[PDB]
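# Observations on chain architecture
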Amino acid sequence: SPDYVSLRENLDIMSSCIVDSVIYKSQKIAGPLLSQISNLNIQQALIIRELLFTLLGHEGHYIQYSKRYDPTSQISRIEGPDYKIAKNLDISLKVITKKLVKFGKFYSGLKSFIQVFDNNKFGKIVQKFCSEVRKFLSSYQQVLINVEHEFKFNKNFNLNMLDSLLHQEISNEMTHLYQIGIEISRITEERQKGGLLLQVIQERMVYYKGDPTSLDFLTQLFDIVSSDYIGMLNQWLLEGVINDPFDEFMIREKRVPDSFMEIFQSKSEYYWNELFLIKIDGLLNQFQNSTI
Amino acid sequence: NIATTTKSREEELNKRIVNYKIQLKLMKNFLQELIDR
Amino acid sequence: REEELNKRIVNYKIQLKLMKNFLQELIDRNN
Amino acid sequence: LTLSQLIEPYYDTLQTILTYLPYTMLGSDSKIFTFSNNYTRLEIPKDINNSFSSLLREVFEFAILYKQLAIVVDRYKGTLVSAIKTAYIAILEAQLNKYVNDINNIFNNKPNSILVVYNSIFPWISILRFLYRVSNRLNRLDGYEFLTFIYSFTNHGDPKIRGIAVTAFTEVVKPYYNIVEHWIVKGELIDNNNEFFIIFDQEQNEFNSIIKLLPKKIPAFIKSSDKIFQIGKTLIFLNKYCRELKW
Amino acid sequence: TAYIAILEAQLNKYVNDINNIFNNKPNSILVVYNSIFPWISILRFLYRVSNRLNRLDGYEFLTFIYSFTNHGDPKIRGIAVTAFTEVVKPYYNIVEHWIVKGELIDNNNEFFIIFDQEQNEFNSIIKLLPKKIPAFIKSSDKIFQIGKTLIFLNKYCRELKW
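Read on for an overview of the structure.

Criteria and cut-off values
- Residues numbered from 1 in each chain as written, not as in the entry; some residues may be left out.
- Chains lettered and ligands numbered in written order.
- Part of a larger assembly, values for the part shown.
- Heavy atoms only, no water.
- Salt bridge = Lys/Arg side-chain N within 4 Å of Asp/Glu carboxyl O.
- Buried < 20%, exposed > 50% of the residue type's maximum accessible area, 1.4 Å probe, protein only.
- Contact = heavy atoms within 4.5 Å.
- Buried area = accessible area lost by both parts, 1.4 Å probe.
- Polar contact = N/O pair within 3.5 Å; in protein donor to acceptor, adjacent residues only side chain to side chain.
- Helix = DSSP H or I, 4+ residues; strand = E, 2+ residues; numbered from the N terminus.
- Nonpolar A, V, L, I, M, F, W, Y, C, P; charged D, E, K, R; others polar.
- Pairing = 2+ DSSP bridges.
- Axes fitted to C-alpha atoms, helices over the stretch in contact; angles between N-to-C directions.
- 1 Å grid on protein atoms, 1.4 Å probe; cavity = no way out; pocket = protein on both sides within 12 Å on 5 of 7 lines; lining within 4 Å.
- Points joined across faces, edges and corners; volume = space filled by probe spheres on them.
- Arc of directions from axis to C-beta.
- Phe/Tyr/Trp six-rings, centres within 6.5 Å; stacked < 30°, edge-to-face > 60°.
- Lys NZ or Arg CZ within 6 Å of the ring centre and 35° of its normal.

All chains considered together, the criterion is met by 21 salt bridges over all chains. The shortest N-O distance in the salt bridge between A:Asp228 and A:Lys124 comes to 3.7 Å. Linking C:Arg1 and C:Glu2 is a salt bridge whose minimum nitrogen-to-oxygen distance equals 3.1 Å. Looking at C:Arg1, the relative accessible area reads 54%, which means it is exposed. On the basis of relative accessibility, which here comes to 25%, the residue C:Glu2 falls in the partly exposed class. Members of the salt-bridge network, linked through shared partners, are A:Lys124, A:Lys128, A:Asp228 and A:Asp244.

Dropping the structure here:
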């Protein structure tokens, strides 16, 4: 059977254009059985080769997606796929691989998060956060490329070195971003049955208040993400103009209906006293004061 | 007993109620003008 | 005695708030 | 021996990919990759095992999207009459030229693997997807609806998406400002198509009502429209009825 | 949390050390043992301290670690004084916020200054805890007055400019 890469048929401006929900039924090239191989070095090299692709979210010959992963469901894509390891691998290599597999899960989850939450209906805060996620992915692939180069040319490279390098380099930032993303997914699916990101970051930041590196990263992320909100507030307080039409800002100016234009023009008092409101949902604790 | 003071307590409350009766009636007239169209 | 005046004051506070909410509902629906 | 050597006997798959990959990336047929169905799908050959095929499916997104954009640019280069869409095509051509130069840089520096290629071109995912989405609606959208559609993206929070949207919007909006310039200075109407908030009525037989305004089509980025209309009307009146050409 | 952060750093160093010990293909078990021998005291100390991370409170933990900075053993005192810097930084951050702006940060009972919401007068809403004053802090009775006067200035007199 031929393999095809075909084009799939508030617009999603970053949703994948080609089809990516294709799951191969059986391997295009039949590789050697894992049980047949008895040497440890061969097994280690084979699992490393399969792991390089797994870390990017792809299947391998010896690491396969769990049957529970359904690409159709949104939550399944956001949470990332769960992998099962072939039963014939060595026990120590199986344990080490089970630790490293989680990194592919986070990467796939973030990549699918961008292709969903980066549209106009989710607001400037979430869009700007998707920008951070996409920059982090670009940085992470440079950690994977170096690993591949060392695997290809370094004789002393082994599985433990890969585990130590990945855990000591990229684990912390990836964990932070994935946790925030999955929490946003949980909250947004609850609300269907915007500015809430700042609340999630602040709630998240309480547990890492003593950790220097984690606190620095969370503070930097909060500072860059909030910059749009500060722009809206600055324009409102300096020029008295609301600009962004996403209804993100707390000071909700509302348009008079055309059917009542003549009425409201005569009674401008109600126009200037009723059609400006404060959206209490999106307020931070700083503004949670009547006089302010 | 509640302390007596030079400022008339009942006068203040009564003025508040009258000012709350003007706002209510003006709002009702405006809503009537809005609904009938 | 003045408890009664305070009670009426709060009742009219609620009534005014209801009227304003009615205005907001009507405007939201017309839009 | 390195790790990659010990696995060679036990792992079979077709550097050869990188030999024929640049020709596929530029939207051209290749010995091992062939387009079909009017360049809407790409067939990955046999002898490319699961992992490499899964990775290539991500890389080939750029090739197919770029081919579609090149088809659009080559097809509508000098056919469209509306100035707004023409300026959009001009900026699209500039962006595609930059993309081709980027690919040439990525493959001049002889790459070691598919992943370095993917990482090098990664920052172009949002630009290509946005351009493909906008160009997909170049037919049904009219001259002014297209301008309003692009204008709504200038407020996007994403620096990359908003950067490309505001880059394209400058050249897309320049022709509209040229229409306004001709109307303001000399007092004449240029747009043959319905893409402006001032129009004429040849059937009318009196000056004051031959020209009428369209309040629905007034753009958000224009200011003092009700004064532009009066300036243009008085200019027409002066230079065609009073025949005061000197002043 | 700061203690866990420094513990993670130490474990990362230990893993890198093991990777070095086995990258240089060892000849016997004894060379392996000798290579990692200097880590006996560090691991035992870290295990002993982490064993009491539950029962000990926020401040009792800080005082417990602080008592080891006086250990005579260069290795044990070295790790104790290495961990104590990052463990004590959050306490100094609480003191910094209290001294400069005049606000209380610690939601848990780990500081020698507290509030009383039930009280209905300024001078007695804030009270000191002489038992919880750490040994490494100085001029505590002046810190308290600086913080109280700042709260008074920026919330009652409303003199925000100065």
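Additional details are given in the paragraphs that follow.
Our focus in this paragraph is the interface of chain D and chain A. Between chain D and chain A, the residue contacts involve 53 residues of the former and 58 residues of the latter. Summing both partners gives a buried area of about 5500 Å² for chain D against chain A, and 63% of it is carried by carbon and sulfur. Summed over the three residues of chain D that lose the most area to chain A, namely D:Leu3, D:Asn50 and D:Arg57, the buried surface amounts to 14% of that side. For the pair chain D and chain A, the number of links is two salt bridges. Here D:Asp158 and A:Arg134 are joined by a salt bridge, their closest N and O atoms 2.7 Å apart. Seen at the junction of chain D and chain A, the total is 19 residue pairs in polar contact. For the side of chain D that touches chain A, the secondary-structure elements that each account for two or more residues are α1 (3-6), β2 (41-44), α3 (50-75), α5 (114-121), α6 (125-135) and α8 (159-185) of chain D. No other element matches the 12 residues that α3(D) contributes to the side of chain D that touches chain A. Tallied by class, residues from the side of chain D that touches chain A come to 25 nonpolar, 16 polar and 12 charged.

Now for the interface of chain A and chain B. A common way to report how large an interface is uses the accessible area buried once the components associate. Contact residues are listed per partner, giving seven residues for chain A and six residues for chain B. Surface buried jointly by chain A and chain B totals about 720 Å² across both partners, of which 68% is contributed by carbon and sulfur atoms. Remark: the boundary between chain A and chain B carries one salt bridge. With its nearest N and O atoms 3.2 Å apart, the salt bridge here joins B:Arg37 to A:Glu262.

Quick look at the arrangement of the chains now. In this assembly five pairs of chains touch, with chains A and D having more contacts than any other pair. Separated throughout, chain C and chain D approach each other most closely at a C-alpha pair spaced 17 Å apart.

What follows deals with the sheet that holds β2(D). Across a sheet, strands are paired by hydrogen bonds formed along the backbone, either parallel or antiparallel in direction. The three strands lie next to each other as β1(A)-β2(D)-β1(D), forming an open sheet whose pairing is antiparallel. A single partner strand is all that each edge strand has here, and the edge strands are β1 (3-6) of chain A together with β1 (34-36) of chain D. When strand polarity is set aside, the average angle formed by the axes of neighbouring strands in this sheet is 35°. Looking at chain direction, β1(A) and β2(D) are connected through four bridges and run antiparallel. Residue pairing for β2(D): A:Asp3 is matched across the bridge by D:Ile44. Relative to β1(A), α3(D) is tilted by about 40°, and along the sheet it contacts β1 of chain A together with β1 and β2 of chain D.

Leaving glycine aside, a negative phi is the common case for residues, and trans is the common case for peptide bonds. Residues and elements named next belong to chain D. A positive phi is found at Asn37, a non-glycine position, where the angle reads about 60°. For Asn37, the location among the structural elements is in the loop between β1 and β2. At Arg243, a position not held by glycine, the phi torsion is positive, near 55°. Within the fold, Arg243 resides in the segment after α10 (225-240). You can call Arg243 partly exposed: its relative accessible area is 48%.

Time to look at the environment of E:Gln117. All names here are of chain E. Relative to the helices and strands, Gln117 is located in the loop between β1 (113-115) and α6 (122-125). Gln117 gets classed as exposed once you look at its relative accessible area, which sits at 72%. Taking the C-alpha atoms as reference points, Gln117 and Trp98, separated by 19 residues in sequence, lie 18 Å from one another.

A separate point is the layout of surface pockets. The volume enclosed by the largest pocket comes to roughly 1800 Å³. Taken together, 50 residues line the largest pocket, and the ones lying closest to its centre are A:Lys209, E:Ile94, E:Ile105, E:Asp106 and E:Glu110. Of all the secondary structure elements, the ones that give two or more residues to the lining of the largest pocket are α7 (197-205) and α8 (212-239) of chain A together with α1 (2-23), α4 (58-66), α5 (74-100), α6 and α7 (140-155) of chain E. A per-class count over the lining of the largest pocket returns 25 nonpolar, 13 polar and 12 charged.

Residue and element names in this part refer to chain E. If you check which residues of helix α3 (residues 40-50) are buried, you get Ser41, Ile42, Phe45, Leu46 and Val49. Looking straight down α3, one finds its buried side chains confined to an arc of 125°; they lie on one side. Away from its buried face by more than 90 degrees, α3 exposes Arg44 and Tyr47. Of the surrounding elements, those touching the buried residues of α3 are α1, α4 and α5.

This part takes up the pairing of β2(D). Residue and element names in this part refer to chain D. Alternating positions in β2 separate cleanly, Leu42 and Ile44 being buried on one face and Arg41 and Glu43 remaining unburied on the opposite face. Direction of pairing for β1 relative to β2: antiparallel, over a ladder of three bridges. Bridging from a neighbouring strand, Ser36 pairs with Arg41 of β2. Between β1 and the antiparallel strand that follows it, β2, lie four residues; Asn37 among them carries a positive phi value of about 60°.

Aromatic ring pairs: the centre-centre distance and the angle between the two ring planes describe each pair. If you walk through the whole model with that rule in mind, you get 54 aromatic pairs over all chains. Relative to D:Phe197, the ring of D:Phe196 has its centre 4.4 Å away and its plane inclined at 35°; by these criteria the two rings are tilted. An aromatic cluster is defined as three or more aromatic residues linked by ring pairs; in this entry it consists of D:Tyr144, D:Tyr151, D:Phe169, D:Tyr176, D:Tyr177, D:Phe196, D:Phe197 and D:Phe221. Above the ring of A:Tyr4, the side-chain terminus of D:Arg41 is found at 4.8 Å from the ring centroid. The ring of D:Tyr39 carries D:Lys67 above its face, with NZ or CZ at 4.7 Å from the centroid.

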